[PDB]
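S.K.: Quick one, structure for this:
(chains A and B, ligands or ions: 4)
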Amino acid sequence: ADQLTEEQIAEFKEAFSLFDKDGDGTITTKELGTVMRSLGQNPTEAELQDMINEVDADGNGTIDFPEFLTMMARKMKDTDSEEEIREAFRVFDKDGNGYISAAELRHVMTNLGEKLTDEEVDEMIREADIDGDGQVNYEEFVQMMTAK
Amino acid sequence: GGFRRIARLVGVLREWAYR
Ligand SMILES: [Ca+2]
Ligand SMILES: [Ca+2]
Ligand SMILES: [Ca+2]
Ligand SMILES: [Ca+2]
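M.R.: Residues are numbered from 1 along each chain as shown, chains lettered A, B, ... in the order given. Ligands and ions are numbered 1, 2, ... in the order given. The protein structure is shown below:
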């Protein structure tokens, strides 16, 4: 009985709406450009178009639910999980002090488009606060991610 | 939502800007 991996694909369905602010089922270089500024800056509608062209399975000019998933598994495979972790940590550590912070976690979730209480941010720290210092250090951050 | 699940999506943000 060779089962499938559709269980993981369900998670990407719930994340797709977060990336598509219009909830119309498709993301356009203009919409994603807002996320790029939050990471550092906005690319260019010319260059943004080339990125979608290599991932456009149909060639319509936009990324659909099934097209977005194929690119995700293709990028991580040719890349290493160690590389995506280093990039994500650097994005959360805006002040670059060695660890994150309650204010650092809340700034990204709100910037992403989700509303949570300050208590919601504190618990996130508890999950990676093995030493009990109230802050997540670099070592605690990687261990919790590769715990299993 | 699990904290580990959120980290996977963050890694995708920098890769998109890589190219
Ligand atoms: Ca849209
Ligand atoms: Ca397409
Ligand atoms: Ca920090
Ligand atoms: Ca800690």
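S.K.: which parts of stretch A:98-108 are buried?
M.R.: Residues of stretch A:98-108 classed as buried by neighbour count (16 or more other Cβ atoms under 10 Å in any protein chain shown): A:99, A:100, A:101, A:104, A:105, A:106, A:108. Every residue, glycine included, has its C-beta placed from N, CA and C.
S.K.: Excluding covalently adjacent residues, which one is nearest to the third one?
M.R.: With Cβ to Cβ, 6 or more residues apart in numbering or on different chains as the measure, residue A:135 is the residue that lies nearest to residue A:101, at 6.4 Å, once sequence neighbours are left out.
S.K.: Just confirm yes or no for stretch A:117-129 near ligand 3.
M.R.: No - using Cβ under 5 Å from the ion, stretch A:117-129 never reaches ligand 3; the gap is at least 12.1 Å.
S.K.: From the chain's centroid, how far away is that stretch?
M.R.: Mean-position distance between stretch A:117-129 and its chain equals 18 Å (Cα atoms, centre = their mean, to the nearest Å).
S.K.: Quick one: check it for contact with chain B.
M.R.: Yes - on the criterion Cβ under 8 Å from any Cβ of the partner chain, stretch A:117-129 is in touch with chain B at A:124, A:127, A:128.
S.K.: which ones among those are found in helices?
M.R.: Those of these mapping onto helices are A:124, A:127, A:128, per DSSP state H.
S.K.: As CSV, those residues with distance to residue A:67 would be great.
M.R.: Putting these into CSV (distance: Cβ to Cβ, whole Å) gives the following:
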residue, distance to residue A:67
A:124, 31
A:127, 33
A:128, 33
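S.K.: got CSV for these, with neighbour count and distance to residue B:11 too?
M.R.: Supplementary listing: these in CSV, determined by neighbours: other Cβ atoms under 10 Å in any protein chain shown; distance: Cβ to Cβ, whole Å:
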residue, neighbour count, distance to residue B:11
A:124, 19, 17
A:127, 13, 18
A:128, 21, 16
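S.K.: show me the residues around the residue positioned nearest the centre of chain A that make contact.
M.R.: A centroid search over chain A (Cα atoms, centre = their mean) returns residue A:88, at 7.7 Å, as the residue closest to the centre. Residue A:88 makes contact with B:7, B:10, B:11, B:13, B:14 under the criterion Cβ atoms under 8 Å, 6 or more residues apart in numbering or on different chains.
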